[PDB]
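Q: Sharing target.txt here; it has compact mmCIF, N, CA and C atoms.
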# COMPACT_ATOMS: atom_id res chain seq x y z
N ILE A 110 -25.91 32.13 -12.02
CA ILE A 110 -24.59 31.77 -11.50
C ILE A 110 -24.69 30.49 -10.67
N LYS A 111 -25.78 30.32 -9.93
CA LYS A 111 -25.97 29.07 -9.20
C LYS A 111 -25.98 27.89 -10.16
N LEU A 112 -26.81 27.96 -11.21
CA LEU A 112 -26.91 26.85 -12.14
C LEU A 112 -25.57 26.55 -12.80
N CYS A 113 -24.86 27.60 -13.23
CA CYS A 113 -23.60 27.39 -13.94
C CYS A 113 -22.55 26.75 -13.03
N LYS A 114 -22.37 27.30 -11.83
CA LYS A 114 -21.38 26.74 -10.92
C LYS A 114 -21.67 25.28 -10.61
N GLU A 115 -22.92 24.97 -10.25
CA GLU A 115 -23.20 23.60 -9.84
C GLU A 115 -23.25 22.65 -11.03
N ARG A 116 -23.47 23.17 -12.24
CA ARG A 116 -23.34 22.31 -13.42
C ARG A 116 -21.89 21.91 -13.65
N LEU A 117 -20.97 22.89 -13.61
CA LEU A 117 -19.57 22.53 -13.78
C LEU A 117 -19.11 21.63 -12.63
N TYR A 118 -19.68 21.81 -11.44
CA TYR A 118 -19.31 20.96 -10.31
C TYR A 118 -19.87 19.56 -10.47
N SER A 119 -21.05 19.42 -11.09
CA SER A 119 -21.54 18.10 -11.43
C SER A 119 -20.58 17.40 -12.38
N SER A 120 -20.04 18.14 -13.35
CA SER A 120 -19.04 17.55 -14.24
C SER A 120 -17.78 17.14 -13.48
N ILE A 121 -17.31 17.98 -12.56
CA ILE A 121 -16.08 17.65 -11.84
C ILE A 121 -16.32 16.53 -10.83
N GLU A 122 -17.57 16.34 -10.40
CA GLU A 122 -17.83 15.20 -9.52
C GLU A 122 -18.06 13.93 -10.32
N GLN A 123 -18.43 14.05 -11.59
CA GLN A 123 -18.34 12.88 -12.46
C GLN A 123 -16.88 12.55 -12.75
N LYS A 124 -16.01 13.56 -12.70
CA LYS A 124 -14.56 13.29 -12.66
C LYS A 124 -14.17 12.52 -11.40
N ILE A 125 -14.62 12.98 -10.23
CA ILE A 125 -14.25 12.27 -9.01
C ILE A 125 -14.80 10.85 -9.05
N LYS A 126 -15.97 10.65 -9.69
CA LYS A 126 -16.54 9.30 -9.77
C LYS A 126 -15.83 8.46 -10.84
N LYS A 127 -15.33 9.11 -11.90
CA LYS A 127 -14.33 8.48 -12.75
C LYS A 127 -13.22 7.85 -11.92
N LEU A 128 -12.67 8.61 -10.97
CA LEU A 128 -11.58 8.05 -10.16
C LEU A 128 -12.12 7.04 -9.15
N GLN A 129 -13.39 7.17 -8.76
CA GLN A 129 -14.04 6.13 -7.96
C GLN A 129 -14.01 4.78 -8.67
N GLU A 130 -14.46 4.74 -9.93
CA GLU A 130 -14.43 3.49 -10.68
C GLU A 130 -13.01 3.05 -11.00
N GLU A 131 -12.11 4.02 -11.21
CA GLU A 131 -10.69 3.71 -11.28
C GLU A 131 -10.25 2.85 -10.10
N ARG A 132 -10.48 3.34 -8.88
CA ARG A 132 -10.05 2.58 -7.72
C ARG A 132 -10.97 1.39 -7.44
N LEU A 133 -12.13 1.33 -8.08
CA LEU A 133 -12.88 0.06 -8.08
C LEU A 133 -12.11 -1.04 -8.81
N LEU A 134 -11.67 -0.74 -10.03
CA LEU A 134 -10.92 -1.74 -10.79
C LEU A 134 -9.56 -2.01 -10.15
N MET A 135 -8.95 -0.99 -9.54
CA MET A 135 -7.72 -1.28 -8.80
C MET A 135 -8.02 -1.91 -7.44
N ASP A 136 -9.27 -1.85 -6.98
CA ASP A 136 -9.67 -2.60 -5.80
C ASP A 136 -9.65 -4.09 -6.09
N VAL A 137 -10.29 -4.49 -7.18
CA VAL A 137 -10.19 -5.90 -7.58
C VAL A 137 -8.76 -6.24 -7.98
N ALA A 138 -8.00 -5.24 -8.46
CA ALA A 138 -6.62 -5.49 -8.85
C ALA A 138 -5.72 -5.71 -7.63
N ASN A 139 -6.08 -5.14 -6.48
CA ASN A 139 -5.33 -5.44 -5.26
C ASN A 139 -5.86 -6.71 -4.61
N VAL A 140 -7.13 -7.03 -4.85
CA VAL A 140 -7.66 -8.32 -4.42
C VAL A 140 -6.96 -9.46 -5.15
N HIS A 141 -6.56 -9.22 -6.40
CA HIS A 141 -5.80 -10.16 -7.24
C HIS A 141 -4.89 -11.12 -6.47
N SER B 171 22.35 -25.14 -18.39
CA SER B 171 22.01 -26.03 -17.28
C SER B 171 20.60 -25.74 -16.77
N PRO B 172 19.87 -26.80 -16.42
CA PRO B 172 18.49 -26.60 -15.94
C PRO B 172 18.41 -25.91 -14.59
N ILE B 173 19.38 -26.15 -13.69
CA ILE B 173 19.36 -25.51 -12.38
C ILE B 173 19.63 -24.01 -12.53
N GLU B 174 20.64 -23.66 -13.33
CA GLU B 174 20.93 -22.26 -13.62
C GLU B 174 19.71 -21.55 -14.18
N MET B 175 19.08 -22.14 -15.19
CA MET B 175 17.91 -21.51 -15.82
C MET B 175 16.75 -21.40 -14.84
N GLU B 176 16.52 -22.44 -14.04
CA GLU B 176 15.43 -22.40 -13.06
C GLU B 176 15.61 -21.25 -12.09
N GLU B 177 16.80 -21.16 -11.47
CA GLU B 177 17.04 -20.08 -10.52
C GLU B 177 16.97 -18.72 -11.21
N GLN B 178 17.44 -18.64 -12.46
CA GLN B 178 17.38 -17.38 -13.20
C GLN B 178 15.94 -16.93 -13.41
N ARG B 179 15.09 -17.81 -13.94
CA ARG B 179 13.73 -17.40 -14.26
C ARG B 179 12.94 -17.09 -13.00
N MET B 180 13.14 -17.86 -11.93
CA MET B 180 12.43 -17.54 -10.70
C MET B 180 12.94 -16.24 -10.08
N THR B 181 14.24 -15.96 -10.24
CA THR B 181 14.76 -14.66 -9.82
C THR B 181 14.10 -13.52 -10.58
N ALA B 182 13.96 -13.67 -11.90
CA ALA B 182 13.32 -12.62 -12.69
C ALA B 182 11.84 -12.46 -12.32
N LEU B 183 11.17 -13.57 -12.00
CA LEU B 183 9.78 -13.48 -11.57
C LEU B 183 9.66 -12.73 -10.25
N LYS B 184 10.49 -13.08 -9.25
CA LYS B 184 10.51 -12.32 -8.00
C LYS B 184 10.84 -10.85 -8.26
N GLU B 185 11.74 -10.59 -9.20
CA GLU B 185 12.10 -9.23 -9.59
C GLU B 185 10.87 -8.44 -10.02
N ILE B 186 10.20 -8.90 -11.08
CA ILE B 186 9.07 -8.13 -11.62
C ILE B 186 7.90 -8.16 -10.65
N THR B 187 7.87 -9.14 -9.74
CA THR B 187 6.78 -9.21 -8.77
C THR B 187 6.95 -8.16 -7.68
N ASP B 188 8.17 -7.96 -7.19
CA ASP B 188 8.38 -6.89 -6.22
C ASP B 188 8.29 -5.53 -6.90
N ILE B 189 8.60 -5.46 -8.20
CA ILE B 189 8.27 -4.26 -8.97
C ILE B 189 6.77 -4.00 -8.92
N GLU B 190 5.96 -5.03 -9.18
CA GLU B 190 4.51 -4.91 -9.06
C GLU B 190 4.11 -4.42 -7.67
N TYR B 191 4.73 -4.98 -6.63
CA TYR B 191 4.44 -4.56 -5.26
C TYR B 191 4.66 -3.07 -5.07
N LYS B 192 5.86 -2.58 -5.39
CA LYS B 192 6.18 -1.19 -5.09
C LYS B 192 5.42 -0.24 -6.00
N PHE B 193 5.15 -0.64 -7.25
CA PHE B 193 4.34 0.20 -8.12
C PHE B 193 2.89 0.23 -7.66
N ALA B 194 2.41 -0.86 -7.07
CA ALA B 194 1.06 -0.85 -6.50
C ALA B 194 0.97 0.12 -5.34
N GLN B 195 1.96 0.11 -4.45
CA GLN B 195 1.93 1.09 -3.36
C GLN B 195 2.20 2.51 -3.86
N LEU B 196 2.89 2.64 -5.00
CA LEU B 196 2.95 3.92 -5.70
C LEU B 196 1.54 4.41 -6.04
N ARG B 197 0.74 3.54 -6.66
CA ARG B 197 -0.66 3.87 -6.93
C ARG B 197 -1.38 4.24 -5.65
N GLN B 198 -1.14 3.49 -4.57
CA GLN B 198 -1.79 3.77 -3.29
C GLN B 198 -1.48 5.18 -2.80
N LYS B 199 -0.20 5.55 -2.76
CA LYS B 199 0.16 6.82 -2.15
C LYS B 199 -0.21 7.99 -3.06
N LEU B 200 -0.13 7.80 -4.38
CA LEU B 200 -0.61 8.83 -5.29
C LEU B 200 -2.11 9.04 -5.14
N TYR B 201 -2.86 7.94 -5.03
CA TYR B 201 -4.29 8.02 -4.72
C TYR B 201 -4.54 8.84 -3.47
N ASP B 202 -3.83 8.51 -2.38
CA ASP B 202 -3.99 9.25 -1.14
C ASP B 202 -3.75 10.74 -1.34
N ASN B 203 -2.63 11.09 -1.98
CA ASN B 203 -2.27 12.50 -2.11
C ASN B 203 -3.27 13.27 -2.97
In structure tokens, how does this file's structure come out?

A:
Amino acid sequence: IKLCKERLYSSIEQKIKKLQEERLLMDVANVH
Amino acid sequence: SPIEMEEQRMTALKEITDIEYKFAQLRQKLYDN
């Protein structure tokens, strides 16, 4: 159960990092 | 007339530019939430 929970959480934190790079590109987009 | 067209096109540019402004802060507040 430890491995399974933290594996799915690794996926959801790659989701949060998806949004990190999202706001990276919108960071340069506000620098525009 | 060139004056009419000039004021028209710059008005439209200011239009879509303030649209860009408010949609950008839309992105900001959605990000926050």

Q: Between atom CA of residue 115 of chain A and atom CA of residue 127 of chain A, what distance in Å does the model show, to one decimal?

A: 17.8 Å

Q: Pull out every residue of chain A that has at least one atom within 10 Å of chain B, counting only C-alpha atoms, and report them as a PyMOL selection string.

A: chain A and resi 128+132+135+138-139

Q: What gap, in Å, lies between atom C of residue 173 of chain B and atom C of residue 192 of chain B?

A: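 Between these atoms lies a distance of 28.5 Å.
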
Q: Please, what distance in Å, to one decimal, runs between atom CA of residue 141 of chain A and atom CA of residue 181 of chain B?

A: 21.2 Å
